[PDB]
């Protein structure tokens, strides 16, 4: 039941679910949602809301798609902005970003809190202090920005960043990170339109794997 069920992946870890995989949790209003738990990385108990690995899924999508979520439990997905809001509203959730390049190097970044607002406030990013990690910091520059898609420009640029740059993000003018960008497979000649984390590999290298995930702080 909702009353006795888990609220997130940390609750499931505490109950002795030790393998990563898809589990049912209960959101604050008791709506059930199936989510990917990362039980292995950095203590486990992370709820994963973004995953890229192979370029099989098109991420250049509209507001409605990002609002409801898209992709596959078997592979790449975006969990959905309504879902991410519900998951991060109550309490305080830390954020971890996990990255792998095409040369096999693992890199990460961690933030002390992470929340997205509701749709009325355009799923605005509310980001806490950078903790550290080998990937460096490419998200703080996005704090307090609305989410934007190609069809809904909420950025702080005279341009359309989502169109520029071929992704969906809390764009400013325009970005330091672009993890929902094109799956460009390592070095690319086009500027800043790949799966880029500029603090680590810059604006002209697209990562092999990207994962974004949250856990109670």
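Numbering follows the first chain given and starts at 1.
K.L.:
Per the PDB record, is the mean Cα temperature factor higher over 45 to 53 or over 148 to 156?
P.N.:
Result of the comparison: 148 to 156.
K.L.:
Of the two stretches 205 to 213 and 9 to 17, which shows the higher Cα B-factor on average in the entry?
P.N.:
Looking at the record's C-alpha B-factors, the answer is 9 to 17.
K.L.:
Sorting 79, 74, 125, 120 by Cα temperature factor from the record, which one lands on top?
P.N.:
Highest C-alpha B-factor among the listed options: 120.
K.L.:
Between 97, 143, 83, 105, let me know which has the highest C-alpha B-factor in the entry?
P.N.:
If I rank 97, 143, 83, 105 by C-alpha B-factor, first place goes to 105.
K.L.:
Ordered by C-alpha B-factor within the chain, which third holds residue 162? Give me lowest, middle or highest, please.
P.N.:
According to the entry, residue 162 has a C-alpha B-factor in the chain's middle third.
K.L.:
Please rank the C-alpha B-factors of the chain's modelled residues and tell me whether residue 175 sits in the lowest, middle or highest third.
P.N.:
Lowest third, going by the recorded CA B-factors of the chain.
K.L.:
Relative to the other modelled residues of the same chain, rank the CA B-factor of residue 38 and answer lowest, middle or highest third.
P.N.:
Within its chain, residue 38 is a lowest-third residue by C-alpha B-factor, going by the deposited values.
K.L.:
Going by the CA temperature factor in the PDB record, which third of the chain does residue 61 belong to: lowest, middle or highest?
P.N.:
Within its chain, residue 61 is a middle-third residue by C-alpha B-factor, going by the deposited values.
K.L.:
Which third, lowest, middle or highest, does the C-alpha temperature factor of residue 25 belong to within its own chain?
P.N.:
Middle third - that is where residue 25 ends up once the chain's C-alpha B-factors are sorted.
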